[PDB]
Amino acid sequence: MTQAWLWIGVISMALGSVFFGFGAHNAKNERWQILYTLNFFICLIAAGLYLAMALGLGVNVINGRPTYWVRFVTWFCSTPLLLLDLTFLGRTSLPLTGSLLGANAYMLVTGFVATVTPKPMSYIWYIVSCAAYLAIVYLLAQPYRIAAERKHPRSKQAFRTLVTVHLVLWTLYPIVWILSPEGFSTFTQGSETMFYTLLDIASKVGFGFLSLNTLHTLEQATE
C-alpha cells in the first residue's frame, strides 16, 4: 500500500514533468516559458522525491516509526516554486513575494522540527508551523488577492479561484499530519502515504494545470 502509492507518485510526477517540459520547449513567449519552467521543476523535484522514497531513501525510524523526513527536503525546494506560480501571475510586489517565500520556508522548517521531535514537544512546533501557515493563508487571501485584482480588473474571478484551490489543498496537509500517527493516530502509514501522494499530485500536477489555464484566462481578457 505504501509502496504502491509511492510508485503512483513517481509516475504521476514524471508524467507531469514530461508535459510541462514539452510545454516549456514549445512556449509561445517568455511568460509562457516562465510558467511552464516553474511547473516543470515542481514536478521534476517531486518525481525525485517519490523515486527516493520508493527505493527506501530518506526514511528513518523516528519516534518508533519509519518516517519519510525527506519530504521536507524536496518540499522546501518545490513549494516556493508553487508560490512563485501565484506571484508571477499576480505580478505581486517584492516585499509580499518575499513574505510568502519567507513564511513558507519557516513553515517547513518548524514542521520538520515537529516531525522529528517526540510528543508532546512536537505539538509546540506543529502549532508554530500552523501559525506560519496561517500567515500564508492571510497573505494570499487578502493583500495578494486584492493587489492581483487591482492589476487584473477583468479577471478578478481567476485569482479568487487560484487562491481558493491553493488554500483548500494546502490546508489538508496539516490535517493529514495531525490525524496521522504524528498526532492522533486515526489512520496508518499506508493511508498517510496515500493522502500525501493524492495531495502532492493535486497541488503540483493539478494546480500546475490550473496555473496554465489561469494565464490563458488572463491573456484572453486583454485580446
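Numbering starts at 1 and follows the sequence shown.
S.K.: Going by the B-factors listed in the PDB entry, is the mean over the C-alpha atoms higher for 148-156 or for 78-86?
M.R.: Higher mean C-alpha B-factor: 148-156.
S.K.: Would you tell me which stretch averages the higher CA B-factor in the PDB entry, 4-12 or 214-222?
M.R.: Mean C-alpha B-factor is greater for 214-222.
S.K.: Just the C-alpha B-factor column, please: which of 141, 116, 73, 127 has the biggest number?
M.R.: Reading the PDB entry, the winner on C-alpha B-factor is 141.
S.K.: Considering only modelled residues of the same chain, in which third does the CA B-factor of residue 24 rank: lowest, middle or highest?
M.R.: According to the entry, residue 24 has a C-alpha B-factor in the chain's highest third.
S.K.: Looking at the entry's B-factor column for C-alpha atoms only, identify whether residue 93 ranks in the lowest, middle or highest third of its chain.
M.R.: According to the entry, residue 93 has a C-alpha B-factor in the chain's highest third.
S.K.: Would you mind checking where the Cα B-factor of residue 190 ranks among the modelled residues of its chain, as the lowest, middle or highest third?
M.R.: Middle third of the chain for residue 190's C-alpha B-factor.
S.K.: Compared with the other modelled residues in the chain, in which third is the CA B-factor of residue 177?
M.R.: Answer is middle: the recorded C-alpha B-factor places it there.
S.K.: Grab the CA temperature factor for residue 196 from the record and place it in the lowest, middle or highest third of its chain.
M.R.: Middle third, going by the recorded CA B-factors of the chain.
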